[PDB]
Number of protein chains: 2
Amino acid sequence: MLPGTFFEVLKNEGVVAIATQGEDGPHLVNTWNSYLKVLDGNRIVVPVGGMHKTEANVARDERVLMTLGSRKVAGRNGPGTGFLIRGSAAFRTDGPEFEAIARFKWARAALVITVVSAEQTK
Amino acid sequence: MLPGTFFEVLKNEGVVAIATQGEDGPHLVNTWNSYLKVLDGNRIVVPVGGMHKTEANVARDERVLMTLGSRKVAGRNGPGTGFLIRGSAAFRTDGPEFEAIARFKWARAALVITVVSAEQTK
Ligand SMILES: Cc1cc2nc3c(=O)[nH]c(=O)nc-3n(C[C@H](O)[C@H](O)[C@H](O)COP(=O)(O)O)c2cc1C
Ligand SMILES: Cc1cc2nc3c(=O)[nH]c(=O)nc-3n(C[C@H](O)[C@H](O)[C@H](O)COP(=O)(O)O)c2cc1C
């Protein structure tokens, strides 16, 4: 369901934000546009170095939100666009999904987000 | 408390993420690095066009999280850095805080975040 415009955004660098539900409010961490690996089946894979609090939150509630964008991709009303992604998260430490980001020597896991919806918010 | 590195990040364009506590999970919206207006007293102002769900969430829980960064500013161990900002939010439709972003004519309000902590996460 990820649209072409989303893939255009990925051709440009930027800060990706991933929100999870914490015990006393939301938690928010980041990665880079260039680090995302998209696999068939609506899967976005993120290389995990830290994200220990994020992983703990996902264990209690798999639902996460992700935003990303680029000023270099045209939006509906002018330069720049971005997306709000909603999906379920899981942490993999072996298999094809981990190998997808194993190139990062510091990776301890792969954060796999299965997309349920993708909205272009600009 | 906002460090020099944070201001260096603001010299570069990028996508800012703002997380709030929603009724059934977190909510996440965006703005641009270039749109942030920093005021004395640890205040970060954001021009508000939409953010209706965000405003509703802030009405129930004023605590918000904000992340931003830039690959153009050096981190501790390599290129690129960013920040996790924690603070309290308030929406203004008049007064000096609103006037700070009034140049954006599409702004129905100003999202004022009073920062409690700023952590460079890379
Ligand atoms: C621009 C930027 C990119 C980041 N990329 C990653 C990344 O790819 N993987 C990762 O584990 N942490 C990354 N981080 C650090 C996380 O945002 C987070 O601070 C750290 O993983 C701790 O996660 P936790 O608070 O869930 O324990 C990045 C931080 C910034 C500012
Ligand atoms: C790159 C990018 C920048 C944005 N900048 C703003 C902004 O400055 N002000 C604003 O009100 N919405 C901005 N938005 C839209 C918000 O993220 C959000 O979708 C919208 O305000 C609705 O908020 P709500 O979901 O809290 O109702 C931006 C979206 C993107 C992708």
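Reckoned from all heavy atoms, side chains included, excluding hydrogens, waters and symmetry mates. Read the numbers this way: they start at 1 and go in the same order the structure lists the ligands and their atoms. Each chain gets a letter, A, B and so on, in the order its sequence line appears, and its residues count up from 1.
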Polar contact flag for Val48(B) and ligand 2 (N/O pairs, less than 3.5 Å): no
Min N/O separation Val29(B) to ligand 2 under 3.5 Å: no
Those atoms of ligand 1 less than 4.0 Å from some heavy atom in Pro47(A): 7 (C), 8 (O), 9 (N), 10 (C), 11 (O)
Nearest-0.5 Å distance that lies between atom CG in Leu68(A) and atom CG in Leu10(A): 6.0 Å
Protein contact of atom 28 (C) of ligand 2 - nearest heavy atom, named by residue and atom, plus distance: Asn30(B) O, 3.4 Å
Contact (N/O only, under 3.5 Å) between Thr54(B) and ligand 2: yes
Contact check: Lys53(B) vs ligand 2, nitrogen or oxygen atoms, below 3.5 angstrom: yes
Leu36(B) side chain reached by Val46(B) side chain, heavy atoms, under 4.5 Å: yes
Heavy-atom gap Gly69(A) to ligand 2 smaller than 4.0 Å: no
Proximal ligand 2 atoms for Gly49(B), defined as those under 4.0 Å from one of its heavy atoms: 9 (N), 10 (C), 11 (O)
Parallel, tilted or perpendicular, as decided by the 30° and 60° cut-offs, for the rings of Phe83(B) and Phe6(B): perpendicular
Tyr35(A) neighbourhood, listing ligand 1 atoms whose heavy-atom distance to it stays under 4.0 Å: 8 (O)
Taking atom 21 (O) of ligand 1 as the reference point, the nearest protein heavy atom with its distance: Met51(A) N, 2.8 Å
Spacing of CD belonging to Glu119(A) relative to CZ belonging to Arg86(A), to within rounding of 0.5 Å: 7.0 Å
Test side chain to side chain contact (heavy atoms under 4.5 Å, CB included) applied to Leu28(B) and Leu28(A), step by step: CA-CA 9 Å; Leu28(B) 189 61; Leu28(A) 187 62; 3.8 Å; yes
Interfacing atoms of ligand 1 (cut-off 4.0 Å, heavy-atom, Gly82(B)): 31 (C)
Flag, side chain of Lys122(A) to backbone of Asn77(A), donor-acceptor distance under 3.5 Å: no
Which of the ligand 2 atoms, numbered from 1, are nearer than 4.0 Å to a heavy atom of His52(B): 24 (P), 26 (O), 27 (O)
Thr31(B)-ligand 2 polar pair, N/O distance under 3.5 Å: yes
salt_bridge(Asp40(A), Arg43(A)) N-O dist < 4.0 Å: yes
Heteroatom proximity flag, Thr121(A) to ligand 2, N/O under 3.5 Å: no
Separation between CG of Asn57(A) and CZ of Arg63(A), rounded to the nearest 0.5 Å: 12.0 Å
Numbered atoms and elements of ligand 2 in range of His27(B), under 4.0 angstrom, heavy atoms: 24 (P), 25 (O), 26 (O)
Under 3.5 Å side-chain donor-acceptor pair for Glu13(A) and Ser34(A): yes
